[PDB]
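Engineer: Take this sequence and fold it.
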Amino acid sequence: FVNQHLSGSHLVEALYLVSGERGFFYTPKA
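Structural biologist: Numbering: from 1, shown residues only. The structure is reproduced below:
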């Protein structure tokens with residue numbers, strides 16, 4: 001087990017279209 005998590009734009013970009021600027025819970029986005 002070697003966990004490396006810092007930046008991941010492909011996942012956080014994809015949801016923006018169906019959910020929109022309201023569905024954000026894990027990690028803060030200003």
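Engineer: Only C-alpha atoms from now on, for both contacts and neighbour counts.
Structural biologist: Will do.
Engineer: Helices along the chain, start to end?
Structural biologist: All helices of the chain, identified by DSSP state H, fall at 9-14.
Engineer: Report the central residue of it.
Structural biologist: What sits nearest the mean C-alpha location of the chain, by CA atoms, centre = their mean, is residue 12, with 3.1 Å.
Engineer: could you list every residue that touches that residue?
Structural biologist: Residue 12 makes no contacts at all, as judged by CA atoms under 8 Å, 6 or more residues apart in numbering.
Engineer: likewise residue 13?
Structural biologist: Per CA under 8 Å, 6+ apart, neighbours of residue 13: none.
Engineer: Please report the distance of residue 7 from residue 18.
Structural biologist: According to CA to CA, to the nearest Å, residue 7 stands 22 Å off from residue 18.
Engineer: One more: residue 6?
Structural biologist: Counting by CA to CA, the gap from residue 6 to residue 18 is 25 Å.
Engineer: When these two are compared, which one has more neighbours?
Structural biologist: residue 18 (8 against 4; other CA atoms under 10 Å).
Engineer: how far away is the more buried one from residue 10?
Structural biologist: 15 Å.
Engineer: next one: residue 26
Structural biologist: 16 Å.
Engineer: Then residue 3?
Structural biologist: If you go by CA to CA, the gap between residue 3 and residue 10 works out to 18 Å.
Engineer: higher neighbour count, the two?
Structural biologist: residue 10 (8 against 4).
Engineer: Return the residues in contact with the more buried one.
Structural biologist: Contacts of residue 10 (CA under 8 Å, 6+ apart): none.
Engineer: any idea how far residue 1 is from it?
Structural biologist: 23 Å.
Engineer: What of residue 14?
Structural biologist: Residue 14 is 27 Å from residue 1, by CA to CA.
Engineer: Tell me who's in contact with residue 24.
Structural biologist: Under the criterion of CA under 8 Å, 6+ apart, residue 24 has no contact partners.
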